[PDB]
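The same protein chain appears twice below, in two forms, each given on its own as structure tokens and labelled structure 1 and structure 2.
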Structure 1
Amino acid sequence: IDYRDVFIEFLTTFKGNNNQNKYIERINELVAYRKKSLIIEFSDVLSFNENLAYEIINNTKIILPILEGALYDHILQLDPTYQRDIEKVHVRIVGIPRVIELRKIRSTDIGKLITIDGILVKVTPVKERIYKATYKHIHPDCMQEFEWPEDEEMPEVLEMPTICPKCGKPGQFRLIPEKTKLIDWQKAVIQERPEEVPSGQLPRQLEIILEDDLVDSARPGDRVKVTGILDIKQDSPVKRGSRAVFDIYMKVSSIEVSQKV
């Protein structure tokens, strides 16, 4: 099953409510204004091809990078000069049928693409962090180079590399010039909407991470629907077998805002 092909067929052939190619126009804007995210409505995908739609929301980790590669490929065929300005693109899914109430989150929701509908309580100022860099462990027994961070995600905290992935020991790490990339990042807290908070109880809260072009997408007081993979965050618990109570967070993949006046 080649989901790459059906995705491109979807973008180029899907007809909207007015019999217009909704996603051809969204892609042209993206190209014309050098934006790097394409917003896709889940229901549009469902109507076009259900297998694709369910692949997107149930096999997200694996499928999304494949769709993003296909989109980038498609954009470069429309305008080869796009790669001068933008090196990678995001596919951001909105309106998925897995809206979960904060109060009802369960252990099986971890690792899934979910939506939380709540109120943004606070937001940190935008910071740049190292997205990818190469370091050398300056130590007689090692002197090896490694990429850092290992994966492509920063759970709530920003840092420099403290323990070496090659030899497992700390020490001095030299940044290798001209191999560093940066990304914008901020942390925010989303809170239960007042109508969901039972009388006599405090609102539940969730930490979220907004990266790249999702930074400054909303301000305190706004009502927001954030879609992302719910994940656990190792806040140095005594061991691994400590059941995580509040040590969850969401890396946001899409956001819809109802703006507070």
Structure 2
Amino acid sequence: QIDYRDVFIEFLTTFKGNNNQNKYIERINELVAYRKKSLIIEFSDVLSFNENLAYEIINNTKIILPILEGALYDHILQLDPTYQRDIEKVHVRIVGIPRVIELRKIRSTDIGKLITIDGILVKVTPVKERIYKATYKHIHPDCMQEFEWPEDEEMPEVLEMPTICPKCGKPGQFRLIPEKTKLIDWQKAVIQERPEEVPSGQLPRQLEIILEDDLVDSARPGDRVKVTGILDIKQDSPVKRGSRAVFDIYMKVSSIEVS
């Protein structure tokens, strides 16, 4: 009904700020100049410029975010096509949202909303790679062809491969082709309740968080962090019956500020 791309682009270009300057235009400039790949937009700024947009961001997130990103990417190549063939996705990273929840108080009604948590980062894995699109090769004498996997969809956390080959239509052996697989940087990090928040006698609760892409290694153990992201439930052996039915919560991280 109403194009949020336009409003977003207008927002970045028009929004004044504190000293009648052009925050965001300036920010995007620093972004192109350094081939960094994320734009940090301050929430209160959006709401101020437009509440319809602010609303979407908090409540729609999953869809709108990629729309806004797609728009930003376009805007950038329009300023510097050289950015292409270096960076291919951009990331709109929302910060400073009113939605601050103490870690202990997270409940069911918070899954799927964009929220913020304040804690101490106590653990981070080394940087690893997640597949977001695979290439398989159908090992079968009559096919032997390659194809991108989850077609028009991203690979789920769990990793799946086709039953039936979409090039020949027959079942069989499929081999992953890593050199043709698209990867995204990935890091698991554990955050815990700040000491001040821990009811006496009790041990601090933790929350697994996932940092991807340029978010990776953006803070270290001991740091105090505001992490902003969307909560979800995490899986290892799903689709298998056996038992479970009970899930841990983790945050897919959208933005992070340190100390």
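Quick note, the numbers are simply positions in structure 1, starting from 1. Here, rigid core means the biggest group of C-alpha atoms that superpose within 1.5 Å across both forms.
Only one of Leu78, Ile176, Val94, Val189 has its C-alpha shifted by 2 Å or more between structures 1 and 2 once the core is superposed, and that residue is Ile176.
Relative to the superposed rigid core, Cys167 undergoes a CA displacement of at least 2 Å between structures 1 and 2. Residue displacement note: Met143 has its CA displaced by at least 2 Å between structures 1 and 2 (rigid core superposed). For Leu120, a C-alpha deviation below 2 angstroms is recorded between structures 1 and 2 after rigid-core alignment. Relative to the superposed core, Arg243 has its Cα moved 8.2 Å between structures 1 and 2.
Once the rigid core is matched between structures 1 and 2, the CA atom of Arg103 is found 1.1 Å away. In this core superposition, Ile130 moves its Cα by 2.5 Å between structures 1 and 2.
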